[PDB]
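Coordinate analysis (summary)
If you want the building blocks of each chain, they are given just below.
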Amino acid sequence: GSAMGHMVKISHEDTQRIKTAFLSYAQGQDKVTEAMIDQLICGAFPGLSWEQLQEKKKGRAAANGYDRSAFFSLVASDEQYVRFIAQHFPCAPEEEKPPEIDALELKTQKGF
């Protein structure tokens, strides 16, 4: 492992991919249900019993509710995770009406 921080297989497109999919997929909110969470977690480490998986995302997801900070923190460290979503969902076009960059932002001012 290298000291890559939050920069890995994340280009403009990739970060946009990870946020856009994760959120919109599960709830559409700033968080995700167990379902999208499972896809991510099983992505790198499979064979987890729910007890083992729940402790995986314990702390910030608590039980159910992976939020964009928690989710992003995990994915930004795992290239299989970043691309995992990138593979499932192409990067948003970001030209119609982007909050900021829809990738590495803090204040998602969305048109809703």
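Residues numbered from 1 in each chain as written, not as in the entry; some residues may be left out. Heavy atoms only, no water.

Solution NMR is the method the PDB entry states for this structure.

Describing the pattern of salt bridges
A complete count under the given rule lists five salt bridges for this structure. The shortest N-O distance in the salt bridge between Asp 30 and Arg 68 comes to 4.0 Å. With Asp 30 in the loop between α1 (12-26) and β1 (31-32) and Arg 68 in helix α4 (residues 68-75), this pair connects stretches of sequence that are 38 residues apart. The exposure class of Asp 30 is partly exposed, given its relative accessible area of 46%. Given the relative accessible area of 24%, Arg 68 is considered partly exposed. Between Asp 67 and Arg 60 there is a salt bridge, with the nearest N and O atoms lying 3.9 Å from each other. Look at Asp 67 and you get buried, because its relative accessible area is 12%. Among the charged side chains, a salt-bridge network with shared partners connects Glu 13, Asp 14 and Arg 17. (Salt bridge = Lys/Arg side-chain N within 4 Å of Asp/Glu carboxyl O. Helix = DSSP H or I, 4+ residues; strand = E, 2+ residues; numbered from the N terminus. Buried < 20%, exposed > 50% of the residue type's maximum accessible area, 1.4 Å probe, protein only.)

Structural notes on α4
Regarding α4, the residues found buried are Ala 70, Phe 71, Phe 72, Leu 74 and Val 75. On its buried side, α4 packs onto α1, α2 (34-44), β2 (66-67) and α5 (79-88). (Contact = heavy atoms within 4.5 Å.)

Points about the nonpolar core
Counting 22 residues, the largest nonpolar core has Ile 18, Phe 22, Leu 40, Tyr 66, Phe 71, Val 75 and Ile 85 as its most contacted members. Counting only elements with at least two residues in this core, the list comes to α1, α2, α4 and α5. (Core = buried A, V, L, I, M, F, W, Y, C linked by side-chain atoms within 4.5 Å.)

Some thoughts on unusual backbone geometry
For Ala 62, which is not a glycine, the phi torsion comes out positive at approximately 60°. With respect to the element layout, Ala 62 can be found in the loop between α3 (50-56) and β2. In the Ramachandran plot, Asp 102 falls in the positive-phi region, its phi being about 60° despite a non-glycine side chain. Among the structural elements, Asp 102 can be located in the segment after α5.

Considerations on the layout of surface pockets
In this model, the largest pocket occupies a volume close to 610 Å³. Every residue lining the largest pocket is counted, 21 residues in all, and those nearest its centre are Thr 20, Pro 99, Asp 102, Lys 110 and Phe 112. Top element by residues in the lining of the largest pocket is α1. It accounts for four residues. Counted by class, the lining of the largest pocket contains seven nonpolar, six polar and eight charged residues. Taken as a whole, the second largest pocket holds about 160 Å³ of empty space. Per-element tally for the lining of the second largest pocket: the top contributor is α4, with three residues. (1 Å grid on protein atoms, 1.4 Å probe; cavity = no way out; pocket = protein on both sides within 12 Å on 5 of 7 lines; lining within 4 Å. Points joined across faces, edges and corners; volume = space filled by probe spheres on them. Nonpolar A, V, L, I, M, F, W, Y, C, P; charged D, E, K, R; others polar.)

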